[PDB]
Every structure is written in structure tokens, then in C-alpha cells.
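This report refers to the structure that appears directly beneath it.
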Amino acid sequence: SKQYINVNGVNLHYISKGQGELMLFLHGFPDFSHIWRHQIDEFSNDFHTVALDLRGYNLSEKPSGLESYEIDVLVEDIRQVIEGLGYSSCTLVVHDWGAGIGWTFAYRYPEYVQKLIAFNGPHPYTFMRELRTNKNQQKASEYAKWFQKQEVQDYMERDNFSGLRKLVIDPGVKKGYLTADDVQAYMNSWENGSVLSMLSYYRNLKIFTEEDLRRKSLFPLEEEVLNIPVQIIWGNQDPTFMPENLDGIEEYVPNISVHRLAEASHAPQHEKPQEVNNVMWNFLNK
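Here the deposited numbering is used: the first residue of the sequence shown is 2, the next is one more, and so on.
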């Protein structure tokens, strides 16, 4: 079913299926809960699978102002969602912006996270390392600076969301991992959501000045080490996050396993769902 939960001053929309321990999925930009459809179907016989629409996205509330999309706010959303659903912890599954938020949440509230499954997206510490030194990552991430510009909203929205279509729809249709119904669901999500809200996330990032690039973590953290069990599932062909993000990640996350897909790009979870699902099971069962 599809319904709402009131948390942290906003109404967030989510997809829910199954029963048992909570498996909470967090998407990133410019997707939404639907990106997790194959994992929802697979894991709902053994878990209560919940895929959240982040604030500003799809049917979730779209509060005004940049301050409404700061990391502390987003992290509190996640805390209240877990409790609101009736849980004290969950298996947290994350991607892209969802991973930026989710890693941060796991570090700050490790007691709320039984296990973490992270797809392509920034680890709080290794990402800053790569932004500082990795020329390929610097180029790959240049769009984040561009997203600061006012022209980007029009670029994304104009002509039936042409910018977003070219980013996500065209390759998914060409490669065959988006059906016509998937395309319609995405189009609906953009019509219902707010591109302004989506971009607002990026406009709070502190990765542009010299002093900010020197920070040890993407978002402020007390601890460098996360001790819970973690699984990374990573598409090697991702043009936005370079493979070196995974180098030495075990220094920050000692109990970690990494699976790299040679034939997947930014979003393995719906590009190669069977391979991904089997790795998730392997992790959850070991």
C-alpha cells in the first residue's frame, strides 16, 4: 500500500509491503521510492519492506526554504520514521543522497541500524578524501557546483522534465531496465514532487571552499569508525562516483563486505536486481 507518516513537521509518503523486522530503503536524486521495487518484491516475504519518499520528493511534503533540507533535518526524518513505524531499529538500505543521509544516520544513531546496505553514493570520510585528491571524482562531481545555479531548475523541468528524462529515463529505457509503466511512475513522481526541493539538498553542501574541502567528513561526525555490519553493492560504471571511494573503506567500517558489479552503473538495485538481491540475501544470512 501507499500511505503517509507524520514526522519532524512534515508528511512523508512511503511504500509498504510485508511484515517482520523493518527494512527501510532510502533513494536519492532524482529517483524516489519506486527505484526499490525489485527489493520490495523480493524481501517482503521475510521483512517489513518500507521505501520512503524523501522530503520534497514525489508525494512527500515540500517545505519551503533551504534550511528545510539540511542534513540534521534529514537525519531526524529518518529517526522519526523508524520510531513512527513502531521500530527501535532496522536494516537500512541506501543509495545516492539516501546514502549520504543514511551513512550519517548510521554513524550518529548506530543503535537504530542493525545492518547497513549501501549502494553507489558517498561514504562520509572516503568521499571527502576523493574530492580532495581524485581528479576523476572532481570532474565527476562538477554537476554539484552547477546545481547551485538558478538555471538548473528550468533545465530539469522544461519540456516535460527533459533534463530529468535525459538523466534517468533515456538510459533506462534504452538498456531495458525501465518498462513503460516505470517511465510513467517516474514522470508522475516529477509532476508530484518539487525540483526546487530536490536541488535544495545540494545547495546546503559544504564541499566548495578550501576550508570546507578540508573537513574529514561530508557531514559533521563525532566518530570515524562505524562498527555495525555493512554491505556495499557498487556499480563500477557509475559516472558520478569513482571506484576509489571504496579504497580503504574498511579502516572506517571494519565489518564490511563489498560487491562490485562490472556491468552496472549508478543504480545497481534496478539495473541488475537479481544479482543485487542474491548479494543482499548472502549478507543478511551470514
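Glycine included, every Cβ here is placed at the ideal spot set by N, Cα and C.
Which partner residues does residue i have in the DSSP bridge list?
| i | result |
| --- | --- |
| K3 | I16 |
| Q232 | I118, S258 |
| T92 | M24, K116 |
| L53 | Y15, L27 |
| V8 | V11 |
For the candidate residues the options, whose alpha-carbon lies nearest to that of residue i?
| i | options | result |
| --- | --- | --- |
| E68 | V231, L197, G164, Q139 | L197 |
| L262 | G236, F242, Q270 | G236 |
| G99 | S89, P31, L60 | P31 |
| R130 | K207, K217, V74, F209 | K217 |
| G249 | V114, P125, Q81, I41 | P125 |
| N135 | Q40, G103, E245 | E245 |
| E252 | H271, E224, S201, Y144 | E224 |
| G66 | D213, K273, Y203, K207 | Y203 |
| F284 | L117, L247, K273 | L117 |
| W104 | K167, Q275, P221, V277 | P221 |
| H28 | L206, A265, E211, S190 | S190 |
| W282 | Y5, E43, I6 | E43 |
| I41 | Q275, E212, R109 | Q275 |
| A186 | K175, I6, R38, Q4 | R38 |
| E272 | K175, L55, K146 | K175 |
| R159 | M188, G177, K146 | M188 |
| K287 | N256, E264, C91, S195 | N256 |
| residue 1 | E212, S195, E264 | Residue 1 is absent from the model: the chain starts at 2 and stops at 287. |
| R109 | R80, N121, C91 | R80 |
Would you mind stating whether residue i and residue j have Cβ atoms separated by less than 7 Å?
| i | j | result |
| --- | --- | --- |
| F48 | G85 | no |
| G173 | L165 | no |
| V280 | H260 | yes |
| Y15 | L53 | yes |
| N9 | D78 | yes |
| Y58 | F26 | no |
| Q138 | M243 | yes |
| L93 | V74 | no |
| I170 | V153 | no |
| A107 | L227 | yes |
| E71 | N12 | no |
| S258 | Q238 | no |
| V51 | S2 | no |
| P111 | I229 | yes |
| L60 | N161 | no |
| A141 | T210 | no |
| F128 | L206 | no |
For chain C, is any of its Cβ atoms less than 7 Å away from the one on residue i?
| i | result |
| --- | --- |
| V277 | Within the model displayed, chain C is absent; a lone protein chain is all it includes. |
Less than 8 Å between the CB atoms is what I'm expecting for residue i and residue j, so what's the real figure, rounded?
| i | j | result |
| --- | --- | --- |
| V76 | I102 | 6 Å |
| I234 | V277 | 6 Å |
| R133 | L23 | Contact flag wrong, Cβ pair sits at about 36 Å. |
| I6 | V95 | About 18 Å; that fails the 8 Å criterion. |
Taking only runs that begin and end inside the segment 122 to 208, name each unbroken beta strand (DSSP E) of 3 or more residues, in chain order.
-> Qualifying beta strand (DSSP E) stretches: none in this window.
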